[PDB]
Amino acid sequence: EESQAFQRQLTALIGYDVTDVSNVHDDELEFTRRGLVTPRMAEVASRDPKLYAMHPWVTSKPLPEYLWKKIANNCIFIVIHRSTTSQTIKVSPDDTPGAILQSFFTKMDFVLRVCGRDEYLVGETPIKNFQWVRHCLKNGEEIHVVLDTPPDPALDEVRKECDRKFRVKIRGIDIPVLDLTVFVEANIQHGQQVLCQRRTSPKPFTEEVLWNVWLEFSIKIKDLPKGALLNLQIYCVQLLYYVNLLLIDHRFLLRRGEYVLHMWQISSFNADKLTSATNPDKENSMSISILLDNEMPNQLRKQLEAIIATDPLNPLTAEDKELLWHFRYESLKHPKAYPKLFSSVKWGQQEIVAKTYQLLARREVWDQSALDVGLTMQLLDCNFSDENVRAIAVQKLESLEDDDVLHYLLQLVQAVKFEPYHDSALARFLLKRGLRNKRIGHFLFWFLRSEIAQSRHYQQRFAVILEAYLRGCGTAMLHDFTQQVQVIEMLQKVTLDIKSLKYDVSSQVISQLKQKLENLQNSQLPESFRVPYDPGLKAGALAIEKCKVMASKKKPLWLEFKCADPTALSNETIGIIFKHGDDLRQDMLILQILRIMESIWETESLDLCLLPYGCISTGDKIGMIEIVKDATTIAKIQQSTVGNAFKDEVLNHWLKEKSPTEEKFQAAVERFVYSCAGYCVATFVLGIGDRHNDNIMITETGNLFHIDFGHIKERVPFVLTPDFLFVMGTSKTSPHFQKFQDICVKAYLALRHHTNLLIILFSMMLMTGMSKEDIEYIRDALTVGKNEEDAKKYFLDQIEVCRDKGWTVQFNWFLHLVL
């Protein structure tokens, strides 16, 4: 009654009913639900109530060199507010909020909260190590803080509670609505690698096809490893339908009995092809019926080290694998060899896997090695099905601080798609970290909710994990999630309703939007809600006056909100775009990679001023986008002076008229040089550089930024046009262009220092977000095998290609958009 009503609340928060049993052939999901109770309760019990409530956002990384240059006399200023009075206090970079509050007690307990945000500066951390402080220093802003009472931890209340050979009988296949022939392929898969394959005889493709054939495999029963899949595929030759079945279940028991599995349709490698889930659509999908009733020389060391040295994508030959295995104990001494070593394992052999587990018992070097995320990511991809192998990776992730978890959270959530079982160390890890920290927990919610909303292949698994999180996140957050979900669902209806009503925005359309938003305001739209892409901000009532439908292809919503926090230092509005038509999952993955690149450059004291805008995918081809204020499209700047032909002088003239002083114009040029170089390198490595200038924007303060990363003859490495080069002062070279080339090289080489990581993140992105030939682009782009000097020239060539191409590519883009 009360418990059943709480389940409906969770179902409304999740967007999927976890109690549903219409689409299962076992109890794995229910076993996982029950299995996650312990790790949930264990973290909820162990977390510090006060620190969990205030969720301080901190880093233990050293402050970069450019930020130390912006602080003089070893002194940082903080303006402390209280009701109607505010005072400035000189604070040393090492001062703890506990010690600073004592200064505002002697010079004439409470807590320091950031003005206009749900962000607190508390706990035993020096203020230099608070993220907000670092953010303020980055943009050159004074830190405004308020002295108020700490939030009550009671608000985070949690509600109480055998030598036989393997064989499979193929009975037949049937489709309600389809003179070609058809056959069934049966594979024993372990980590993408096919252990054994058997086919059936081709029969005429009809509404029902029956075989009643025993398919005897070469691999024995005992030789079957845990996490092995029975891949069943239907070829007409082209593949049409696929479905999977774990041969050994979540209880270590061999699979037996009759199975009627509804299969998936086909639109090379894809994460969706690994799924243990069956198609929920019974009425329309193809289904299959089955029956189960059962020390080393100098030369070799040099060869071994060459194998270990190679990139993650370089494939191992039989020779390479046999060498790695034979010398596994020397291979075990190199953490970088681990992925390649565990790919040399014959997993279809009981005695070998046993030796592999005996090998993992001697993890002295691995355990003691400094954490390499790139390496750790490798062991979590589709190439590895073994629980123990994968577990040693998740162990390495344990030492990541909350700051670093946020950097890899999205990819780590997507990495769950590669897990053979619903319950896994990785899932438990994501559960643990999300429950420990409110910020990780906030983004965990949305990332998991995103896939539930649009992935039939993985919604069931992710729903079990989200229910797990929500059952321990506390009433306070549960309330915050409820206000958020209601808002986006309301505004998605408005987004789709307006799009229905040529690319010209008429009078009658703009009126209808204002009408609907006025009707929602007075109705059931909550007074305030957290911004999904920025949980620090609380948005309030809609500023309908400033709301509009933009003159675009997909006709998105331009929505603006008042800040719910009265302590806000400015009367700025929170701007959000709601859009249907772009695949914002792809945008999410690119932007997250962009934020990883910003962290990579920070290690080498660089700030290339990227603007990776906030973006949350909320469903199928729909979601929200942060509005970057005071920004315009490069094409629109060309339109205002020219019309439809391009002039180099336009961009520099635009920056001048948007500048009040020369002092701020010089800052606008320097910001452009850095930000252009930033996107030039990033887009080239990712293979998303060749772009029309409609999808490239700039702010009034000079900051260039790319948008709309969905779905990506003369070609170009990146967009460096004569109007960009005119801002630098070149038509020839300039002190700004010399600075530009100096930044590009230093940035490109800095990324190349993390080659493996970027390759894995890329590889994973294509498998979870969007062939082998598509992945191999990044190897060439990062010039794997070449030295720094040789690589420095390579990118300097790419820059010279853009100057030799000029407007040609952009001109061709312009013609392409006119049919």
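We call the rigid core the largest set of C-alpha positions that still match within 1.5 Å between the two forms. Numbering starts at 1 and follows the sequence shown.
Enquirer: In 7 other deposited structures of this protein, superposed by the rigid core, which stretch departs further from the shown form in CA positions, 674 to 682 or 95 to 103?
Expert: Clearly, after the core fit, the stretch farther away in 7 other deposited structures of this protein is 95 to 103.
Enquirer: So if we fit everything on the core, which stretch drifts more in 7 other deposited structures of this protein, 628 to 636 or 386 to 394, C-alphas only?
Expert: Farther on average in 7 other deposited structures of this protein: 628 to 636.
Enquirer: Checking the other PDB entries with both flanking residues built, is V237 absent in a third or more?
Expert: Counting only entries that model residues on both sides, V237 is unresolved in at least a third of them.
Enquirer: When the other structures of this protein are compared, and only where the residues around it are present, is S552 absent from a third or more of them?
Expert: Counting only entries that model residues on both sides, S552 is resolved in every one of them.
Enquirer: Can you say how many deposited residues have no coordinates in the span between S731 and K732, choosing none, 1 to 3, 4 to 9, or 10 or more?
Expert: In the record, 1 to 3 residues between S731 and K732 lack coordinates.
Enquirer: Which class fits the unmodelled deposited stretch between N644 and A645: none, 1 to 3, 4 to 9, or 10 or more?
Expert: Unmodelled stretch: 1 to 3 residues, a short break.
Enquirer: Mean C-alpha B factor from the entry: is it higher for 565 to 573 or for 444 to 452?
Expert: 565 to 573 has the higher mean C-alpha B-factor.
Enquirer: As stated in the PDB record, which stretch has the larger average Cα B-factor, 417 to 425 or 297 to 305?
Expert: Result: 297 to 305.
Enquirer: Out of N383, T618, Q265, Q521, which shows the largest CA B-factor listed in the entry?
Expert: In the PDB entry, the greatest C-alpha B-factor among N383, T618, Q265, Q521 is found at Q521.
Enquirer: Which one of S331, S500, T317, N244 shows the top CA temperature factor in the record?
Expert: The record points to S500.
Enquirer: Quick one: classify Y408 as lowest, middle or highest third of the chain based on its Cα B-factor.
Expert: It falls in the bottom third of the chain.
Enquirer: Taking the entry's C-alpha B-factors for this chain, is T755 in the lowest, middle or highest third?
Expert: For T755, whose C-alpha B-factor we compare with every modelled residue in the chain, the answer is the lowest third.
Enquirer: Taking the values exactly as deposited, rank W57 by C-alpha B-factor within its chain and report the matching third: lowest, middle or highest.
Expert: It falls in the bottom third of the chain.
Enquirer: By its CA B factor, does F104 count among the lowest, middle or highest third of the modelled residues in the chain?
Expert: Top third by C-alpha B-factor.
Enquirer: Going by the CA temperature factor in the PDB record, which third of the chain does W211 belong to: lowest, middle or highest?
Expert: For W211, the deposited C-alpha B-factor lands in the highest third.
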